[PDB]
Every structure is written in structure tokens, then in C-alpha cells.
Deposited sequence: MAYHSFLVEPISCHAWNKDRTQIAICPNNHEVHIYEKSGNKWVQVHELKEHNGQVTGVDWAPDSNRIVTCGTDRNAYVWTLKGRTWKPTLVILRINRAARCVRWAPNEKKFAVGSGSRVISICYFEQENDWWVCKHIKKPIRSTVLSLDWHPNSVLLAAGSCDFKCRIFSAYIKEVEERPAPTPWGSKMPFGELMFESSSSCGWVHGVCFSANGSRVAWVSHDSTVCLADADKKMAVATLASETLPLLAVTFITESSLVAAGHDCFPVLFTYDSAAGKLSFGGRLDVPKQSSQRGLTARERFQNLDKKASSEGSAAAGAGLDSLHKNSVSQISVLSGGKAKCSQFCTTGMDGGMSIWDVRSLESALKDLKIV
């Protein structure tokens, strides 16, 4: 509904701060531009120039107000605001291929970087040598990691890779956190332990997402399918094949309602029926260049702006068209009298 163009080229990735008062985007560059809203206008306030290759992921730790980025230059940088300038701190990831994605753990004590080195770098800060160090989750990743998403417990981590699998690992780092409480996903969670692995053997997994309480993980694959597995039904997996193009990003908006977007260029709704254990198409959310959708190219990222993944009231999409859209769930519900969430 509410569309804004920051540029005509792709917005590789984005991240909002705690207040959603500012958004950082990568304008298909080596840099990150931060925009702040003033009235009904967007004003550029910062420029993070440090990566020596295209930025692929961006995540903003809310409380600590720390932005983390990763790029094809094989590096990752943690940005801290010192007065009126963001300063970067290099992080050695020990990878020999491009970084692809990165997400701060909910507890902000560590972040995870997925890379083409066929591994996930778990990074945390050691305040005894003043530097970020990392541990690698290797097995059984056989290809590049496209996306990551932490479980609300800051320990389990969902990951999608080009080996067609959606997995859940333990990213438990004893030096910064306490041993995790049990979860339906399993009781044993030593670092790198594989908690779950999808069975399908086709389609790159572009996006992965945990539900608000974390008992459900959903991912979208290139073979135009969406999936959801919940630890409460013994990890049963519901699967839905679409009639349209591949989805590239997905997020829960309630415990049983997903919103995704991809190469069709518009957001759609998916709902899950716990009893039946089946997923169902909920409809196109952007109903009316040469296209009848807000975005004029592939939507590659979506994120909740408010209400959390438990009762989302507004979400955001950024795409290869350079646009950023803000969707209001409540409005979408009025505009579409036959829409059904949860």
C-alpha cells in the first residue's frame, strides 16, 4: 500500500532500528545508507562505507543499537555509533567465499553469518582481548547458505542453503550465555548439533523463519513451495505447491499465518491449520512499468515492523526495484473483506 522509491536499482537488503525511526538499506553497493523519517519524508542521515564488495546482509541489534553487515568481500563489520558517526569493527569470519546473510541473535550477544564457504559463522565478543571471534557450524552443509533466522531462545538457528535443505542448528556459545531450557525441537543442544533437516531434495531454500514462540519454522524454496514444520506435531511438515513464481522471503505474522513475497513481485498470505497440519493459500495482499503490483521487480526481503511475529500490525518489503513498502495488516483486512488471518 505505502510504497517509497529510494532508488531505481536493487535494495539488496535492509534493517530497521528499534523504533523503526530509521532504516538502513544497501543500494546495490559496497555501502549502506541509513534513512531517517522526518514528517512524511525520508532524509538520508548516514553512509557506511567500509565493505570492499557488495553488502549481502544487514541486521540491527535493537537495544545495543549496533548494526552488523556482511558482504561478498568476505568480511563482516559491527557498527557502533560514536556521537554522530558509525565506526566499523572488523570481524574475522575465516571464510574463503562471500558472506550471504547475517542475523543478530535475539539476545544481541552474538550474530550468525551464512556464507558460500558452505558454513555458518557464529560470532560473539570476547571482552578480554577486545575482538569478535567465531565458531563454525559445518556439518552437514553442502552448499551456500542463503538465509538464517534465530529461535526466540537465542540458541536454535534456522538455515536455508543451496543444497535444498532447511535445517535447524544449535548455535549455543557457552562463553556468553547459559545452557538453554528444553524445546520441542530436542533437549540436547551442544554447539553445532543438527536439530532438524527437511527431507525434500529439490529447490534452493531462499528464506527461513521461526514463529513467535519458536515451535514452528517455515521456509520458501525455489521450486515454488512453502513449508512449515512444528516441533509440537513431532516435526511434521506441511507443504504447499504454488501456481506462480518462487518466493524469496517469508515471515510469520501470527503463530499460524505467514506472509511471503518473491519473483511475482507482491506479498501473499499463507495460513496453517494445526489440527489438519496443512498449509493453505490465503491470497494476494497487493491487489490493484507494466505490472499491477506496487513493486516493479522481485521482492527479496520482508520484515515485521510492529506487533512482532505474534500479532503483526505492520510489515515491510524491499525489492530489486529499489522500492520499500510498508503494509498495514489492519488496513489490508478492511480493503479485503474476505481475508482470513490466523
### Query
What residue ranges of the deposited sequence are absent from the coordinates?
289-318
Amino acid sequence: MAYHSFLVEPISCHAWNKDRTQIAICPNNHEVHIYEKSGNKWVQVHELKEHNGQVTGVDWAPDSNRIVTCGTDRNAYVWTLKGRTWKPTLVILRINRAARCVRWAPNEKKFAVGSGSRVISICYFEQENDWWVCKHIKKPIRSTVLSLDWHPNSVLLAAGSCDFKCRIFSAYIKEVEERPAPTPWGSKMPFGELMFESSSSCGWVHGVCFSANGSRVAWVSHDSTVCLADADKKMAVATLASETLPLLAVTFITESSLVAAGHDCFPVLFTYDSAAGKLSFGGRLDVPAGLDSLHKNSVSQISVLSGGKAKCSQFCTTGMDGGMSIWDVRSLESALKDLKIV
From here on, numbers count along this sequence of modelled residues.
### Query
Which is higher in the entry, the mean Cα B factor of 216-224 or that of 120-128?
120-128
### Message
On mean Cα temperature factor in this entry, is 131-139 or 204-212 the higher one?
### Response
131-139
### Task
Name the residue from 114, 262, 190, 180 with the greatest C-alpha temperature factor listed in the entry.
180
### Residue with highest C-alpha B-factor in the PDB entry, from 147, 242, 85, 251
85
### Message
Looking at the temperature factor on the CA atom of residue 22, which third of the chain's modelled residues does it land in?
### Response
middle
### Message
Where does the C-alpha B-factor of residue 73 rank in its chain, lowest, middle or highest third?
### Response
middle
### Within-chain third of residue 53 by Cα B-factor, per the entry
highest
### Query
Can you tell me which third, lowest, middle or highest, the CA B-factor of residue 34 falls into for its chain?
middle
### Message
What third of the chain does residue 61 rank in for C-alpha temperature factor, lowest, middle or highest?
### Response
middle
